[PDB]
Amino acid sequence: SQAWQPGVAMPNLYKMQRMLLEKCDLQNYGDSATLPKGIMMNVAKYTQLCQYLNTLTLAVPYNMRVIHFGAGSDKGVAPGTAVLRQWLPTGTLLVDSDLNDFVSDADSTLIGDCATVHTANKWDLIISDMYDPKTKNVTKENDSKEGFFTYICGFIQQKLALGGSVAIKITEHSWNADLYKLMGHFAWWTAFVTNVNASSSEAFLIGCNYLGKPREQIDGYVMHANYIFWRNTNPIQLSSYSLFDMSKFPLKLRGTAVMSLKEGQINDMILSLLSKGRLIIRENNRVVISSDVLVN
């Protein structure tokens, strides 16, 4: 049983199919998991995401740079960044953002649409919880969505360090074909469903160890259809079991090497180190961010 894992990752064989997109109909659609006393869904969800990310070959440099989009809640706090900050090595630079105002444990927070966010540096890990409930129009064709997904795709291509990783929230209706295609630019990728929210079509699209070029060609419409087919035919038993064992929670500080190489220096040898979670390619200057403000 997978009830003791933090969640379920999409099996590779489902990734290789060519299904057509149909409506997502989850067996366990009605149910909820029993959370430990006083624990919020979004703390439990981010805890399980981080527990699963502990099993991947994440690059963990000194001066890890992490940015978290969609980090506010409708009560004005940031439960996800509180978990990320618990997970990440002490001293990790953590930047926060959301459309609406909130108070945060991140080292810096920007308020506004994500498209107004600019950074000088590159990043080692990008986390996104952004989601628009207005996409859940069951009465119409589920097409690839734009909006913040357009920003995220460009932000990965321009500001993710080689070797870095990504976890971007999707749902049945909140998804983007280019983001799936971008998954083929990592050494490995999956769609991960937390056990605590398994009654939802939510998944985190995870790109592990960015390579900056297409390692494989992924049609994003087909892959989202494959993702739904997997969810439709593989009910996941809701479970909070993994939340009760936090003894191994913190991200291992691997001291991954950072180097500044340009493009012509990235061999198959470098690509191989990137692929194994053993190298980060970016500058290690000061981290500078800003938010664009429109005046009247």
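Residue numbers run from 1 along the displayed sequence.
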Tell me which stretch has the larger mean Cα B-factor in this entry, 260-268 or 29-37.
260-268
Tell me which stretch, 5-13 or 274-282, has the higher mean Cα B-factor listed in the entry.
274-282
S128, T109, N137, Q86, ranked by C-alpha B-factor: the highest one
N137
If I read the C-alpha B-factors straight from the PDB entry, which of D178, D105, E216, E202 is highest?
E216
Chain third (lowest, middle, highest) by recorded CA B-factor, residue given as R231
lowest
In terms of the CA temperature factor given in the entry, to which third of its chain does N121 belong: lowest, middle or highest?
highest
Ranked by Cα temperature factor within the chain, is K45 in the lowest third, the middle third or the highest third?
lowest
Classify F69 as lowest, middle or highest third according to the C-alpha B-factor given in the PDB entry, relative to its own chain.
lowest
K169: CA temperature factor from the record, placed by chain third, in the lowest
